[PDB]
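Comments concern the structure below.
Basis: the model, the stated rules and, where named, an outside source; no laboratory instrument gave them. Using ideal geometry, Cβ is built from the backbone for each residue, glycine included, and neighbour counts are taken over all protein chains shown.
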Amino acid sequence: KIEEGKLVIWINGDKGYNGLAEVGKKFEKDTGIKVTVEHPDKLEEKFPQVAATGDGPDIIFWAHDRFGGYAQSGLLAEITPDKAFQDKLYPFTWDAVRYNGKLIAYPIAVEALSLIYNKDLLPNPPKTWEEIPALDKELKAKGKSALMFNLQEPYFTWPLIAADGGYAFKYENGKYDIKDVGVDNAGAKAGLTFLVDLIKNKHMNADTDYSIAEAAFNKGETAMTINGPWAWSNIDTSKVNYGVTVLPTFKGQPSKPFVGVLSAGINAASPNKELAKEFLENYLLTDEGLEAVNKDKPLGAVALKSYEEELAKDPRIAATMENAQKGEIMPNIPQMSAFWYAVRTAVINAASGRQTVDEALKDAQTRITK
């Protein structure tokens, strides 16, 4: 049960116990109220179940998926936006955490992706994606590879196919139409035509991965890579010539990847809403609190300018913050996740020579319109 003098917090999968235990325990010492952290594993699974019993967590931390869950289902108490923190954070993230004219979460952390390049190999970063594959040919002479990507993953397939107009969705006036989409056109067929070009030219290996690119930078074997929140692994500039910039354009369309914001909400069932909401907005969302968690393990970034500027001193984040501000908050709805996989199959079938563009591309759009 939940009782005044103690509260339960569930943390996003991106941290287990440690960070929240740190900030929670310190808060416990400050207010004298017991702070109990639980593991993300149960977080998603139990959240809806414990709500049915009306006893469990006092506050819930997630990224996207929960936002709809607890908001629509009325599992959370309604919160209000803070003008002071609004200035301190970012307007779009408060829009990310707002539902039906009332706020339903606070922005905890920001994740975004960017294009990373070595100034040691490349004298100037690419303005368009068209440069990548031709470049791959040039520096190949030095035994290097210019751009590293996962074709067999949905992450690459979409921004390749969509960029030339093969969009898996129609979006208009705040409405999606899965039946009037841009993959059943010639433009998407153009996507596979190009996509296979460089991978058929063996510009990457089947085992090639982003982590390999991170290692490759250490020796200077790979000029550029695609990375984001994962860049903490091994992306940084010290005593070296490395540079970073958000995704370039391809066929007149930006590769700018979608932006993710961590959202934390107040459980409707919590008698502790007042102190639970207070520390969340005031203690977690401050240079001290979000620092305490990031100090334990690289979280990627925060919405809070105070620490954001400090962490942005790392090349890996600085670019991603540009995409974060200039990008879009997890806008692409549940449907697009399936569409990414539908088109993912398309590029496999095209690359492997198992299907033509006509066959594979039609199958991809058929699944999307299915």
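Mind checking which residues of the stretch 311-324 are touching a residue at least 12 places away in the same chain (Cβ under 8 Å) and surrounded by fewer than 15 Cβ atoms within 10 Å (Cβ to Cβ)?
Looking only at the stretch 311-324, we keep the residues that are touching a residue at least 12 places away in the same chain (Cβ under 8 Å), and these are 311, 314-324.
Passing the criteria: none in range.
Kindly establish whether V347 is crowded, with 22+ Cβ neighbours inside 10 Å and within 30 Å of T36 (Cβ to Cβ). Before you say what the answer is, go through the steps one by one.
Numbers: crowded, with 22+ Cβ neighbours inside 10 Å: yes; within 30 Å of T36 (Cβ to Cβ): no.
Spelling it out, it is not the case that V347 is crowded, with 22+ Cβ neighbours inside 10 Å and within 30 Å of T36 (Cβ to Cβ).
Just to be sure, is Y210 closer than 30 Å to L121 by Cα and hydroxyl-bearing (S, T, Y)? Steps first, please.
Numbers: closer than 30 Å to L121 by Cα: yes; hydroxyl-bearing (S, T, Y): yes.
Yes, satisfied.
For the subset of the stretch 271-287 comprising residues that are within 14 Å of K88 (Cα to Cα) and not aromatic (F, W, Y), which member is surrounded by the fewest Cβ atoms within 10 Å (Cβ to Cβ)?
Start the filter on the stretch 271-287 by keeping residues that are within 14 Å of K88 (Cα to Cα), which leaves 281-287.
Subsequent filtering for residues that are not aromatic (F, W, Y) retains 281-282, 284-287.
Working: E281: 21, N282: 14, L284: 25, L285: 23, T286: 18, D287: 16.
Looking at the filtered set, the residue picked out is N282.
When residues of the stretch 198-230 are filtered for being of a type in the set (G, A, S), closer than 18 Å to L247 by Cβ and out of contact with any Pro (no Cβ under 9 Å at 6 or more places or on another chain), how many remain?
Step one: filter the stretch 198-230 for residues of a type in the set (G, A, S), giving 206, 211, 213, 215-216, 220, 223, 228.
Okay, now just the ones that are also closer than 18 Å to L247 by Cβ, so 213, 223, 228.
Among the residues that remain, those that are also out of contact with any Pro (no Cβ under 9 Å at 6 or more places or on another chain) are: 213, 223.
Total meeting the criteria: 2.
Could you tell me which residue of the stretch 24-51 is surrounded by the fewest Cβ atoms within 10 Å (Cβ to Cβ), considering only residues that are under 22 Å from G5 (Cβ atoms) and among the acidic types (D, E)?
Looking at the filtered set, the residue picked out is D30.
Mind checking which strands (runs of 3 or more DSSP E) fall wholly inside the stretch 195-314 and carry at least 3 residues that are not assigned by CATH to the domain that holds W340?
On the way: elements: 222-227, 242-245, 260-267.
Output list reads 260-267.
Take the residues in the stretch 221-240 that are touching a residue at least 60 places away in the same chain (Cβ under 8 Å) and of a type in the set (D, E, K, R), then tell me which one is surrounded by the most Cβ atoms within 10 Å (Cβ to Cβ). Show your work before the answer.
Residues of the stretch 221-240 touching a residue at least 60 places away in the same chain (Cβ under 8 Å): 221-229, 231-232, 235-237, 240.
Right, trim to of a type in the set (D, E, K, R) and you get 221, 236.
Numbers: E221: 17, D236: 15.
So the residue we want is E221.
Considering the stretch 75-101 alone, what residues qualify as being assigned to a strand (DSSP E or B) and touching a strand residue (DSSP E or B) at 6+ places or on another chain (Cβ under 7 Å)? Let's see the steps before the verdict.
Residues of the stretch 75-101 assigned to a strand (DSSP E or B): 76-77, 79, 98-99.
Selection gives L76, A77, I79.
Take the stretch 205-216 and flag every residue that is more than 23 Å from the chain's Cα centre (by Cα) and buried (at least 19 other Cβ atoms within 10 Å of the Cβ).
The one that is more than 23 Å from the chain's Cα centre (by Cα) and buried (at least 19 other Cβ atoms within 10 Å of the Cβ): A216.
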